[PDB]
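J.: Here the protein sequences come in this chain order: F and E. So the mapping is simple: the entry's author numbering equals the position in the first sequence, first residue as 1, plus 594. So the mapping is simple: the entry's author numbering equals the position in the second sequence, first residue as 1, plus 726. I'd like to ask some things about the structure below.
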Amino acid sequence: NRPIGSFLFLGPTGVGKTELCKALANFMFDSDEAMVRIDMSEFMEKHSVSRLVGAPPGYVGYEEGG
Amino acid sequence: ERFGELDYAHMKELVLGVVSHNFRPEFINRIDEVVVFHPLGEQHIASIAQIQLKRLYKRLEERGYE
Numbered sequence: 595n596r597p598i599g600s601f602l603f604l605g606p607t608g609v610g611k612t613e614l615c616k617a618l619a620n621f622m623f624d625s626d627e628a629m630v631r632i633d634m635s636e637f638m639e640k641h642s643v644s645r646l647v648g649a650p651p652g653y654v655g656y657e658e659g660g
Numbered sequence: 727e728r729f730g731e732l733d734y735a736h737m738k739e740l741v742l743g744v745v746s747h748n749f750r751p752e753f754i755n756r757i758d759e760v761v762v763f764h765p766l767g768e769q770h771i772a773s774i775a776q777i778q779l780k781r782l783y784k785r786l787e788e789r790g791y792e
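Next comes the structure, spelled out in structure tokens:
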């Protein structure tokens, strides 16, 4: 009833974090883009749950789905 | 506003953050090179004036006026 892999990557950027995620994906689901990359740096304001999770009907984060 | 008194690479990063506000992150992660222009100065506009005068000379030479 819990998620399988929960981690926190702590270290400098671009060292292979993307490479590590793609290697995880390329073994566990056997493709590099068998995954989802989403940045959270753009979501400092109140428009985070309305842009990451799913938007209210008729506003900015709506017509891409979620 | 700010291409004066600022460097080149930090300008590219700053306007790339503006683009990340506009586009998708997975989109502009897939770009060769995001070249960012600068407004045109006086010598540039003198040269552009010479280019347009040359094409005007070609038009009025097909018309028959040197």
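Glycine is no exception: its CB is placed at the ideal position from the N, C-alpha and C atoms.
(1) Can you find a CB in chain F that lies within less than 8 Å of the CB of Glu752 (chain E)?
(2) So with CB distances below 9 Å, who are the chain F contacts of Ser773 (chain E)?
(3) Compute the distance between the beta-carbons of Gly655 (chain F) and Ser644 (chain F), then report whether it is under 8 Å.
(4) At the 8 Å Cβ level, is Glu636 (chain F) part of the contact set with chain E, yes or no?
(5) Grab me the residues of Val762 (chain E)'s own chain with a C-beta within less than 6 Å of its C-beta, minus the 5 sequence neighbours each way, in chain order.
(6) Look at the alpha carbon of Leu618 (chain F) and the alpha carbon of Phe601 (chain F), and state the distance between them as a whole number of angstroms.
(7) Scan the segment 608–634 of chain F for residues whose Cβ lies nearer than 7 Å to a Cβ of chain E and list them as they occur along the chain.
(8) Distance, Cα to Cα, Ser642 (chain F) vs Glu636 (chain F)?
(9) Taking the alpha helix (DSSP H) that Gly743 (chain E) falls in, what are its first and last residues?
(10) If you follow the alpha helix (DSSP H) that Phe753 (chain E) is in, where does it begin and where does it stop?
(11) Compare the C-alpha of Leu766 (chain E) against each of E:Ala775, E:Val760, E:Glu759 and name the closest.
(12) Quick one: residues in its chain with C-beta nearer than 8 Å to the C-beta of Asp626 (chain F), no 5 flanking neighbours on either side, listed in chain order?
(13) Residues in the same chain with beta-carbon distance under 8 Å from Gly660 (chain F), minus the five sequence neighbours each way, listed in chain order, please.
T.: Looking at the coordinates:
(1) What you label residue 752 (chain E) is simply residue 26 of the second sequence in a count that begins at 1. Yes, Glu752 (chain E) counts as interfacial toward chain F.
(2) On the second sequence, position 47 is the one that residue 773 (chain E) refers to. Ordered by position in chain F, no residue passes the 9 Å Cβ test against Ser773 (chain E), which lies about 41 Å from the chain.
(3) Against the first sequence, residue 655 (chain F) aligns to sequence position 61. Against the first sequence, residue 644 (chain F) aligns to sequence position 50. Cβ distance < 8 Å, so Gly655 (chain F) and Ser644 (chain F) count as in contact.
(4) Start at 1 with the first residue of the first sequence, and residue 636 (chain F) comes out as number 42. Chain E, which has a Cβ nearer than 8 Å to the Cβ of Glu636 (chain F), makes this yes.
(5) Residue mapping note: residue 762 (chain E) aligns to position 36 of the second sequence, counting from 1. Apart from the 5 residues on each side of it in sequence, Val762 (chain E) sits with its Cβ closer than 6 Å to the Cβ of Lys738, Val741 in its chain, given in chain order.
(6) The count along the first sequence starts at 1 and reaches residue 618 (chain F) at position 24. The count along the first sequence starts at 1 and reaches residue 601 (chain F) at position 7. Distance between the alpha carbons of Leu618 (chain F) and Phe601 (chain F): 13 Å.
(7) For the segment 608–634 of chain F, the residues whose beta carbon sits under 7 Å from a beta carbon of chain E are, in order, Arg631, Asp633.
(8) Against the first sequence, residue 642 (chain F) aligns to sequence position 48. Against the first sequence, residue 636 (chain F) aligns to sequence position 42. If you take the alpha carbons of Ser642 (chain F) and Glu636 (chain F), they lie about 8 Å apart.
(9) As a working note, residue 743 (chain E) is residue 17 in the second sequence. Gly743 (chain E): member of the alpha helix (DSSP H) spanning 735–748, first to last residue.
(10) Sequence index remark: in the second sequence, residue 753 (chain E) carries index 27 (1-based). Per DSSP, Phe753 (chain E) belongs to the alpha helix (DSSP H) from 751–754.
(11) The residue labelled residue 766 (chain E) in the question sits at position 40 within the second sequence. The shortest Cα separation from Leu766 (chain E) among E:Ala775, E:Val760, E:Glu759 belongs to E:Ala775.
(12) Your numbering for residue 626 (chain F) matches position 32 in the first sequence. The beta carbon of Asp626 (chain F) lies closer than 8 Å to those of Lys616, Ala619, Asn620 in the same chain, with the five residues before and after it left out.
(13) Counting from one through the first sequence, the residue named residue 660 (chain F) turns up at place 66. Correct list, in chain order: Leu646, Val647, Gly648, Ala649.
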